[PDB]
Each structure stands twice: as structure tokens, then as C-alpha cells.
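Residues per chain, in single letters:
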Amino acid sequence: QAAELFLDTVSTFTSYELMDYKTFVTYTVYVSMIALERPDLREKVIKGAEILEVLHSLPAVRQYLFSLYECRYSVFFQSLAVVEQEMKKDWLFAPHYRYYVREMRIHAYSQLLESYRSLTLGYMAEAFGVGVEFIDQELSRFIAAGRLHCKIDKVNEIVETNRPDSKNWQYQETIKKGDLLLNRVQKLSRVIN
Amino acid sequence: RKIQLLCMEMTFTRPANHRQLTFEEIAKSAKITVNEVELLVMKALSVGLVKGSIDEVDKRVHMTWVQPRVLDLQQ
Amino acid sequence: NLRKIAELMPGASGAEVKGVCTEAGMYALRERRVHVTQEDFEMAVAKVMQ
Amino acid sequence: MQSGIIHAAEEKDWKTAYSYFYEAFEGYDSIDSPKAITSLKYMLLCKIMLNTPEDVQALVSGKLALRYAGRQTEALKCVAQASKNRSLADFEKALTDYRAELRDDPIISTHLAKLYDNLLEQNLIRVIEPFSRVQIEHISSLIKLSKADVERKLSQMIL
Amino acid sequence: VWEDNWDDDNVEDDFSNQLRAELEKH
Amino acid sequence: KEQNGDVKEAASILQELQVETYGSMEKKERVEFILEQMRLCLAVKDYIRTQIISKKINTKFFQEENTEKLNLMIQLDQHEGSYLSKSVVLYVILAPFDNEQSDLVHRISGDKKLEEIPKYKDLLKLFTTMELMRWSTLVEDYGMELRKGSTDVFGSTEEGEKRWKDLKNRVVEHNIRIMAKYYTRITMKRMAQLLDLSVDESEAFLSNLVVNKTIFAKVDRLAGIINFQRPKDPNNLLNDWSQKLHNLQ
């Protein structure tokens, strides 16, 4: 709900005093790539002529923006380390920036290896220049979470990726979901009503 | 051609759950290969004598033919 | 910055204002566009001078 | 017409200000036939980008257009066949060919990059459509432009 | 918040891991 | 005026003269002035407005009258386009449509009258029945009868060739409907020798046969070729299975 609402708003509120701009379009262009879907309205972010001219004066979030779709990721992790220094400001803070760097990170890796049926160690090392163990421990933590489909196939040091689709996504989603829902009712539907 | 067609199709009494044989038809037909595999079941499959698909990478003829045929006193 | 529309207010009327604001809305509606720009006011008040 | 041009320059027509291309523009009785050449040519030049180009050739079949057996009708008829037949083979049967001499015209060469990459998209689709896991030399060599466009396919399929 | 985060164990984040990453490479 | 020689200079009595040349002409005259209007509307071929304009009052002479034989619409379709609306049957064979044409190829079938001409009943029993073909050995097998004997005009005539090449397509798209209607994966080589082509132009005819959306080909460069299968498991199989599911006197 945050990006689109922001995205399709323009913002003006009694001389934008709660908007406190030099903040708003930035907040959009680093709230977008969490949930605004990378093909769909990310073009509406980029080729949308309402925001691109006011991030023109804001080159840091600009080079944070066109360093995803242009795959220049040796500057994108640099650009995201900037955001983890201006995470300090906003009072909506702590699991928002830890989760935020988590999902910028995971969306960045999942964007790369999805186009390939096999990902080599040298080309994944080419993403920044981090080498091996950053990708190894980190991606093993991500598949420990199971939120990408890759696996650290060190037998050849080439990462494999097919895609089991989101038919199973639902099942896994709804076990927990269902449980929680019933539990709430289980919290109520006893004598205490 | 015709007694090859019926009688080399009829000898397809393989209840073997789902009939799938080609290896028998290799030896049951005194004939060169895939000409014996396809063309017999090409014309057996155009008219209603044998219904079912064929894989020939697998060399696998699946059949679900109907042909109400035999008196079959002991059947 | 609504001043330029009020720039030619000269004898206007209460209505003469609700009319041009609805006509500016329709002149934004004609191009299937969901945001009333600046110039739809200008062709609204530049239309209604009749 | 000029409303159509500047309301056509960047993105802001095809669904939006295509109406500018023929509203008062079909109020040209025949006094200016040459302006009728110009954005009759543009209206055919832009119904192909929204990618239901049946109104292009279906617009030539209308009563206003078999009065109008002109040169550029065969030009955007040729690009109309390029949009139906979905091939850069009909771009080299355009650009260099049957009606090549509408390459030199002002607001159009800017669109030829978008139209060029666009027909590269759906032409590359048509090459891929039956296949399952064929190699680059069929996608590349079955249109005969380069190999790198196939890996530029990598930079344009994604998702 | 109220969607369960990890926030557990991990040493200083992508700023410092970025820093010793590019410094450890170079 | 026609013996001087003009194409669009006798068009002054072509572009006007609305329906039945006057407004229904009030007698025996049926097509005579639309007809002499119409074969002279052709006048080189002029490629559009002699068959597009003809269809408006094409729909007028439809009663089977007594009057005589006032071929023009034999001439009309012979520049472009498909044509469903001995010459009948051989004309019918070379059209590319499947199922209504399978109606159209034998809605005219089986005539005590079509009991005769048996060597062009071979196009019926051979072509209509889903059985194998050959590119030209049935053609050179019939080259003493299908060529001359007693469309495909040419001794040197233009476009009689390519329509005969269209008949080569009737070898191609017929048995791809057979292996498509019958088989799973075959081989690249075995399909490449069933149709006596190489790999490449068989794959080009195949790509032509899939881009127009006639079959469902999982064609492959390697051996996992044209498979007719749904490897996503829809429940069409489930549904199909459900569908399948004196002496006393």
C-alpha cells in the first residue's frame, strides 16, 4: 500500500509541511522495489515523467534507482549502503531497515539468477567483486529461508536455478495463515467471549 | 497387407494392463523395422482397427483398440 | 498556482467559477487523463468568454 | 495536426491523442491533399504501435481511402504487412526497399527505434513460438541480424 | 511492524559487510 | 470506344451507373450491363475495384432462371486470396483449411455421377482419408495424366507453377496432420525422412504450420521433437477418465 499510494499522489498539503519534501519522492523510489513489481510499474517509475525530473536534483537516489534495471550492481550495493546510512533518519526505523536491506538484497540476487538455468561462480562474483563466501553464506541463508530458488552447488561451483512456480507458494503460505486465523478464533471461541 | 493388418494387429492380445509392445512386433513381423512399426499402425489407425498413439523414440505403441471380434468360448 | 486563472476574473460571477472548474475537469476528461493539468483551466476560462 | 504532433512526441497518444490525428484532420475536404498525405501517413504510422494493426489495412479499405490510391498507402501498407507478418524481413522489405523514401521525414526516425525494437520483440517471439529449447543460432540465424541480439534477448525478456 | 523479523545474531550490516567486502577484495 | 484502346478512359461509364446500371433496368436484362461493365472493369487486371465492387450486385442473379449463358468469377479469384465460395474437385484439393473443407471436399462427394472419373477419385480416397502421401512420386506417377491427360495451366504460363507448388504443400500439411493427429515425439531424422526433405525446410514448414496455430508442437532441436502432450497436468485426463467411466419363454 505505501508506494502506489505515494506513487500516484504527487503530494501537496498546505505548502507540503508534513510531506516535508526533499523526502517524499525519495521515500517513493526507495519504497518501490520492495513490493512494486519489477516488470510492471517499475517502468511507470522509470519512464514516468512525473518523478524523474525531481530526482534529477537528487542524484544519489537516482543512481540508486537506475542501478537495478541496468545491472551495474558493483555500484548498486554501494547505493544500498547509502540507504543503510540514511535509514538513521526516519522514525519508522528498525525492522524496517533491517527487513528493507534484507529484501533489497534478496530481490537483487533473485533478479540476477532468474534469467539463467545455471549461474557460475565467476559471474556471480562479477556482481560486485565480493568473491565467494559473501555469496556462499549469504545465499545459503536465503535458501535456508527458502525465498529464492537457487542452491550453492559447490560440486562444480555453478549455481543451478529452475523454477517451481507459485502453486506451492499458496500451500506453504496458508498453512501458517490458516493456523493463525483459527488460533484467533481458538483464542476467542472458548468460554471467554 | 490385409492379413498382416488384421492378423498382425489381432495378435495384440496383451492384457498386460496397458498394451505397449513394439519389441514383440519386431519379432512377430517378418519384416524390416519402422515400416513395420508405423505403416501397419498408420493404416490400422486411419480406419478403425487400432486406436492409440505411438512413440518411436521410445519405440512404444500405446493402443486402446475396440474391435468386437472373437466368439471365445473359453474366454 | 491558481493566480493566473484569477488573472482574468474581471467581472466574473459565483457561478462563472463553478462553471469553469467543471469545464476544466471535463477538458481533462476528454484526453482520458486522470489529473487536471494547468491548461484545462486556461481553455476553460478562455472558452467561457461568451 | 500540431496538437497531434506535440501530443504525440513522447508517449502521449496511441490511445490518447490518436483522436487528434483524424478529428478535424478528416475535415480536410481535399484542399490540402498533401497534409492528408502527412498525417494520414501518421495515423497509419501510429495505429501499428498499439499493435492491433487491423485498423490500418481496414482503414485503407474504407471509402475515404480507395479515393486515395497514393504512394504512402503502399508504404504503411508495407509496414502494416510488417506488423501482421511480424518480421524484420519486412523492415528490410521496408527501409531499403519498395517504399524506402519515407525514411527521411522529421518526427518518424525517432519512432523507428521504438518500432524497430518492437518488431524485434514480436519477430523474436515468432521465431521462438514452436520451439522448446533450441540454441542461439536458430533464433539468431533465423532472422540474420546478429548473435548479440539473442543475448540482448536476455536483456529484454526477463519478466 | 508486526511481521516477524530475524534481527538475530548478525553482525553489522551491508554497510560494514560492504566495507570489508570491497576492502578484503582490494 | 473500346477498339481505340483505353483502360480508365472508358471509366466515365464505369464509375457511375448505380445498381443494375440504371436502377434495376425493368426487364429481361439481368447482369448484361454489369457483366460488360465488369469484364471491362478489369481492363488490365487493376487488382482491387473489379472484384471488390463486384460483390455488391453479385447477390442478384440467384434464382436459376431459363435464360442462356450470360466465367467472369473464374477470372476474379485468379490474382490473390483463398477461394472456397474435374475443375471442381482439383480446384477444391489445393485449399489449406481442415474441417469445413473436409465437409467441402465431400459435400460434393459420392455422385453416381462422381462414380465416374475414377482416376480423380484418387484425390478423394487418397487425399480425404488420413493416410500417407509423397511429394511427387504420385505426381510423376500421374505425370502422364495429371499434367496433360485429355490451376496448373503452364506450358510457359505465369503462376501455374506456384499453385502446383501449393500441391506440394498439400503433401506437407497433410501428413503433419497425420503425425500430429497420431503421434508423440518421432525423431528429427524419422520425420526428416517421412517427409522427404532435409531437417531445415521441414522445420520451416513446421514453423509455418505452428505460427498459424493449427497444432500444438513441442518441437525441439535435439531428439525431444514435436511432442503432443500437456506436461503441466491439467485435469483433462481426470475428466476424460470420468467420461470413460428363449430359455424361460
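As a starting point, this report considers the structure included with it. (Residues numbered from 1 in each chain as written, not as in the entry; some residues may be left out. Chains lettered and ligands numbered in written order. Part of a larger assembly, values for the part shown. Heavy atoms only, no water. Residues with missing side-chain atoms left out of burial classes, pairs and counts.)

To continue, consider the overall build of chain B. A tally of regular secondary structure across chain B gives three helices and two strands. By principal-axis analysis of the C-alpha atoms, chain B measures approximately 40 × 25 × 25 Å. (Helix = DSSP H or I, 4+ residues; strand = E, 2+ residues; numbered from the N terminus.)

When you go through chain A residue by residue, the secondary structure sums to 10 helices and two strands. Reading chain A from its N end, one meets helices and strands in the order α-α-α-α-α-α-α-β-α-α-β-α. Contacts in chain A between residues at least 24 apart in sequence constitute 55% of all its contacts with a sequence separation of at least 6. (Contact = heavy atoms within 4.5 Å.)

Our focus in this paragraph is the pattern of salt bridges. All names here are of chain C. Where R33 meets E31, a salt bridge forms, and the shortest distance between an N and an O atom there is 3.5 Å. For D40, the salt bridge identified is with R33, shortest N-O distance 2.5 Å. One network of salt bridges, with partners in common, ties together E31, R33 and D40. (Salt bridge = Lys/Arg side-chain N within 4 Å of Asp/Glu carboxyl O.)

As a further point, take unusual backbone geometry. Even without being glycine, A:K22 reaches a positive phi, approximately 80 degrees. Along the polypeptide, A:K22 turns up in the loop between α1 (2–7) and α2 (24–29). The phi dihedral of F:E159 is positive, around 50 degrees, even though this residue is not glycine.

All names here are of chain A. Considering the arrangement of structural elements, one finds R42 in helix α4 (residues 42–46). Within the structure, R42 has its side chain in polar contact with the backbone oxygen of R38 (distance 2.5 Å). Each residue touching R42, except ones within four places of it in the same chain, is listed here: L36, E37 and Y69. (Polar contact = N/O pair within 3.5 Å; in protein donor to acceptor, adjacent residues only side chain to side chain.)

Let us look at the arrangement of the chains. In this assembly five pairs of chains touch, with chains B and F having more contacts than any other pair. The two units chain A and chain C never meet; even their closest C-alpha atoms stay 10 Å apart.

Time to look at the packing of aromatic side chains. Residues and elements named next belong to chain D. Each ring, one from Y18 and one from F21, has its centre 6.3 Å from the other, and the planes form 80 degrees; the classification is edge-to-face. Here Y18 and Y22 contribute two aromatic rings whose centre-to-centre distance is 5.0 Å and whose plane-to-plane angle is 40 degrees, an arrangement assigned as tilted. One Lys or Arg, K35, reaches over the ring of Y28 and ends 5.7 Å from the middle of that ring. (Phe/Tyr/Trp six-rings, centres within 6.5 Å; stacked < 30°, edge-to-face > 60°. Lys NZ or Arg CZ within 6 Å of the ring centre and 35° of its normal.)

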